[PDB]
There are 2 protein chains.
Amino acid sequence: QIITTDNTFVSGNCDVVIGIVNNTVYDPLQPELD
Amino acid sequence: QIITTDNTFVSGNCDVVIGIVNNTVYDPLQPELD
Ligand SMILES: *[C@@H]1O[C@H](CO)[C@@H](O)[C@H](O)[C@H]1NC(C)=O
Ligand SMILES: *[C@@H]1O[C@H](CO)[C@@H](O)[C@H](O)[C@H]1NC(C)=O
């Protein structure tokens, strides 16, 4: 599935997590823009 | 964590619940104003 904010939650910054990577998390409210 | 709509679900009115208090729930779409 596409990485979305529906099945992902945010918790703190990425500096404390070992072995993290970078990729875009698609917010579905952005293509709507209603 | 701050009380947000993502981690709470609503079921009926608050007249039936015993010992319930009043507090604000943060709507995350309201500061977005999309
Ligand atoms: C992710 O991006 C930040 C900021 O551009 C960078 O400092 C970090 O090294 C990146 N992560 C990786 C694994 O390259
Ligand atoms: C909570 O709100 C209800 C309805 O406005 C009110 O009757 C009640 O006294 C309030 N309780 C507190 C602790 O403010």
# chains A, B, ... in the order shown; residues from 1 in each chain; ligands from 1
call {"tool": "calpha_fit_rmsd", "arguments": {"fixed": "chain A", "moving": "chain B"}}
result
0.4 Å
call {"tool": "interface_residues", "arguments": {"of": "chain A", "to": "chain B", "cutoff": "8 Å", "atoms": "only C-alpha atoms", "output": "PyMOL selection string"}}
result
chain A and resi 29+33-34
call {"tool": "write_last_selection", "arguments": {"atoms": "N, CA, C and O atoms", "output": "short mmCIF file (atom, residue, chain, number, x, y, z; two decimals), in the first residue's frame"}}
result
data_model
loop_
_atom_site.label_atom_id
_atom_site.label_comp_id
_atom_site.auth_asym_id
_atom_site.auth_seq_id
_atom_site.Cartn_x
_atom_site.Cartn_y
_atom_site.Cartn_z
N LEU A 29 -5.20 14.83 2.29
CA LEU A 29 -5.86 16.13 2.26
C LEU A 29 -5.22 17.09 1.27
O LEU A 29 -5.85 18.08 0.89
N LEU A 33 -7.73 19.43 -1.38
CA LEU A 33 -7.63 20.90 -1.32
C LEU A 33 -9.00 21.57 -1.37
O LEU A 33 -9.18 22.62 -1.99
N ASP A 34 -9.99 20.95 -0.72
CA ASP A 34 -11.34 21.49 -0.71
C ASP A 34 -11.55 22.41 0.49
O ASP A 34 -11.37 23.62 0.40
#
call {"tool": "residues_around", "arguments": {"residues": "stretch 22-24 of chain B", "least_positions_apart": "3", "cutoff": "10 Å", "atoms": "only C-alpha atoms", "output": "JSON, numbers by chain"}}
result
{"B": [2, 3, 4, 14, 27]}
call {"tool": "closest_atom_pairs", "arguments": {"of": "chain A", "to": "ligand 1", "cutoff": "8 Å", "atoms": "only C-alpha atoms and all ligand atoms", "output": "tab-separated table"}}
result
residue	atom	partner	partner_atom_place_in_ligand_line	distance
A:19	CA	ligand 1	13 (C)	7.4
A:20	CA	ligand 1	13 (C)	6.0
A:21	CA	ligand 1	13 (C)	4.3
A:22	CA	ligand 1	1 (C)	5.0
call {"tool": "write_last_selection", "arguments": {"atoms": "N, CA and C atoms", "output": "PDB file, in the first residue's frame"}}
result
ATOM      1  N   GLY A  19      18.942   3.900  12.590  1.00  0.00           N
ATOM      2  CA  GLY A  19      18.720   3.283  11.296  1.00  0.00           C
ATOM      3  C   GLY A  19      17.521   3.781  10.524  1.00  0.00           C
ATOM      4  N   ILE A  20      17.123   5.036  10.711  1.00  0.00           N
ATOM      5  CA  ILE A  20      15.946   5.566  10.031  1.00  0.00           C
ATOM      6  C   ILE A  20      16.326   6.025   8.627  1.00  0.00           C
ATOM      7  N   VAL A  21      15.326   6.097   7.746  1.00  0.00           N
ATOM      8  CA  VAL A  21      15.519   6.523   6.362  1.00  0.00           C
ATOM      9  C   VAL A  21      14.529   7.633   6.030  1.00  0.00           C
ATOM     10  N   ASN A  22      14.608   8.162   4.810  1.00  0.00           N
ATOM     11  CA  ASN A  22      13.784   9.284   4.379  1.00  0.00           C
ATOM     12  C   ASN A  22      12.891   8.879   3.213  1.00  0.00           C
TER      13      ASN A  22
END
call {"tool": "atom_distance", "arguments": {"atom1": "atom CA of residue B:25", "atom2": "atom CA of residue A:26"}}
result
24.9 Å
call {"tool": "atom_distance", "arguments": {"atom1": "atom 12 (C, counted along the ligand's line) of ligand 2", "atom2": "atom CA of residue B:18"}}
result
12.9 Å
call {"tool": "atom_distance", "arguments": {"atom1": "atom CA of residue B:10", "atom2": "atom CA of residue A:9"}}
result
20.4 Å
